[PDB]
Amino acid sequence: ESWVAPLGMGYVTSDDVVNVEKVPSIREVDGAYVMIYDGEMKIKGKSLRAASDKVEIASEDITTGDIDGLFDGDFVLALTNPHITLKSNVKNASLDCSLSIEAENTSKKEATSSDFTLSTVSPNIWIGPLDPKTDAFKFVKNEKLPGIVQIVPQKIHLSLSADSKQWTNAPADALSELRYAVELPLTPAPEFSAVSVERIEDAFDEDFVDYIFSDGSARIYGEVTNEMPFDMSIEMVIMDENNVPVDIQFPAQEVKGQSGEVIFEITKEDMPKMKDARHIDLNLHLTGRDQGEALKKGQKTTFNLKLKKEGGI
């Protein structure tokens, strides 16, 4: 005496799970979502000389308050290859420089720095954890950069400093057109963590709950398919007609990789509470993997679930 009842298809795309629409910096580059902040650094005029070994020659504050919109609540934005590029027009000079990169939000502020020389022959710099292997750019490895980005900045501040003697002695037109680009490709790293909630509306019909949940026991189960570059720990919440949770809990169900079976048991003791069930919320606890897979438009996660009830009477 088994009953089986359909609950409807959870089925979400990348841009349902990750709110890329709420984030204006998002671009699609080669089918992959990437946040880009670009602009120019205003070069400062030459003011006498305090005898400091280095002098700040340009600064920029980048507003990045939209990044918070990718997920609701706190997340850890650990990415495989966030990087910063600098492009300069350097006429007849060679300058030993440092770039300070400071990220901050309301609870944290973290910073790193990289050193390089800006010259005629090498006027472009690429700072990040992975070498782009392009002759256009001098690569300066910085493996701390992903850690400052993972706090989820609301502001990034860039500060370019140069050796003081070199900067005073350089030709007056030596440096202009200082262009930056902060690129944050949504390729999660192992420390990535976020929560996304997916709603299956009208999973249970008011016209059948009294009969189906009278007694006995049941389970909600089936196959999940995942094309997105996150592992998921799925926590199921059953919601009533007012979107108030029904008082039933279940062990979370893990889905690592492209396919996984999940089972949420409804015990005899909890079955009568399901008379109030109408909707399902799947709380998807997302975590990074170590295979460097990118978030892409149109990747889907599918939740093929049904209810199977075993009689009491």
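The numbering used is simple: start at 1 and walk along the sequence shown.
As the entry records it, the average C-alpha temperature factor is higher for 38 to 46, out of 282 to 290 and 38 to 46. Higher mean CA temperature factor, per the PDB entry, when comparing 73 to 81 with 164 to 172: 164 to 172.
Residue-level inspection of the entry shows that, of 191, 227, 235, 215, 215 has the top Cα B-factor. Of the candidates 265, 66, 247, 60, the one whose C-alpha carries the top B factor in the deposited record is 60.
Sorting the modelled residues of the chain by their CA temperature factor places residue 277 in the lowest third.
In this PDB entry, the Cα temperature factor of residue 231 sits in the bottom third of its chain's modelled residues, the lowest group. Among the modelled residues of its chain, residue 199 has a C-alpha B-factor that falls in the middle third according to the deposited record. In the PDB entry, residue 255 places in the lowest third of its chain by CA B-factor. Ranked by Cα temperature factor within the chain, residue 301 sits in the lowest third according to the deposited record.
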